[PDB]
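Shown here is one chain on its own, the form deposited in one PDB entry, set out as structure tokens.
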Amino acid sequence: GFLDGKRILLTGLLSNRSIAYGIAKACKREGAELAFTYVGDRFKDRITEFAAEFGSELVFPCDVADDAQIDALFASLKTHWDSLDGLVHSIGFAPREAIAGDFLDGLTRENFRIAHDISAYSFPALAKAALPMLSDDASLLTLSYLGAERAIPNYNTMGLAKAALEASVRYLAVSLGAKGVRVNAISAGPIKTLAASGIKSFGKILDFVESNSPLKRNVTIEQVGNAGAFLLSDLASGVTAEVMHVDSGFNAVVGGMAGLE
């Protein structure tokens, strides 16, 4: 397909319901060669299997809290791939209390720190670490959420982190653009994933979106994935510094103002 020959590294493939699984599946379909990261030796087995069902045996540990692992990841990858065409950043984290209840109740310096460190800093950090082996027409993708633009209940500290994440997309696009590398994000709609379990009221959000988005339907990892593959391909070569919504248009409306119909 439109990603033949492209070599792409995917982070954040945790289960068969992960957004990164859908992106991987679309990229593979379009002819990319894939490689994967995992967090912690315990998960090496599960990820090696995932990579195998995508025709890949390239897996590398990367806890983004750890500078050593970030540098090692790309030293390791470089032994297998001379150059890297795509990077998918599809990871994040915030302590329970930082994404539950009131925004201030759950706010601490450490909660703020961790959330921004893992969910925002890790993207340009991965970009920097990958730069030497990035090809000139490389493309970097990250995943964001509407909670960066507007206040969403329980999203809280992540919203702050995502807004910084979206800003890093713009600074990264400038910093890497002379060379030719593009940098974008997808602002995905609610998808039932493992991470989604940390958002109490996710089911409520999910229902609301289904009811109120222009398409009257929620998105899938296939849809987010197909847009992933697009942004990562040369079809999207005129596109950088862009936060693309894949949320059935939910971002663009003001919904739920029917009154107990």
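Just so we're on the same page, rigid core means the largest C-alpha set that superposes within 1.5 Å between forms. Only residues modelled in both forms are compared. Start at 1 with the first residue shown and count on from there.
Worksheet item: Which is higher on average in the deposited entry, the C-alpha temperature factors of 159-167 or of 107-115?
Response: It is 107-115 that shows the higher mean C-alpha B-factor.
Worksheet entry | Comparing 45-53 with 231-239, the one whose average Cα B-factor in the PDB entry is higher | 45-53 has the higher mean C-alpha B-factor.
Worksheet item: For the listed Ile205, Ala65, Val224, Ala68, which has the peak Cα B-factor recorded in the PDB entry?
Response: Spelled out: the listed residue with the top C-alpha B-factor is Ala68.
Discussion item. Among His89, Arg150, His80, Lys128, where is the Cα B factor highest in this entry?
Written reply: If I rank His89, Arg150, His80, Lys128 by C-alpha B-factor, first place goes to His80.
Worksheet item: Based on the entry's values, in what third of the chain does the Cα temperature factor of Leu84 lie: lowest, middle or highest?
Response: Middle third by C-alpha B-factor.
Discussion item. Among the modelled residues of this chain, does the Cα B factor of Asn16 put it in the lowest, middle or highest third?
Written reply: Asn16: CA B-factor falls in the highest third of its chain.
Practice prompt. Report the third (lowest, middle or highest) to which the CA temperature factor of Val253 belongs, ranking only the modelled residues of the same chain.
Written response: For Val253, whose C-alpha B-factor we compare with every modelled residue in the chain, the answer is the lowest third.
Practice prompt. Relative to the other modelled residues of the same chain, rank the CA B-factor of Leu176 and answer lowest, middle or highest third.
Written response: For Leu176, whose C-alpha B-factor we compare with every modelled residue in the chain, the answer is the middle third.
Fill in: Relative C-alpha B-factor of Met133, binned into the chain's lowest, middle or highest third
It falls in the middle third of the chain.
The same protein also has a form deposited in another entry, omitted here; what follows describes it.
Worksheet item: Tell me, which of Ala65, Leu215, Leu235, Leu194 is the one whose C-alpha shifts by at least 2 Å between the shown form and the other one, with the rigid core superposed?
Response: Among the listed residues, the outlier is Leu194.
Fill in: Direction of Cα pair change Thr193-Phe93 in that other deposited form, magnitude 3 angstroms or more
The answer is farther, because the C-alphas of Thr193 and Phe93 separate from each other in that other deposited form by 3 Å or more.
Discussion item. With a 2 Å cutoff on C-alpha displacement after fitting the rigid core, which stretches of 3 or more consecutive residues move between the shown form and the other one?
Written reply: 192-199 is the lone stretch that moves between the shown form and the other one.
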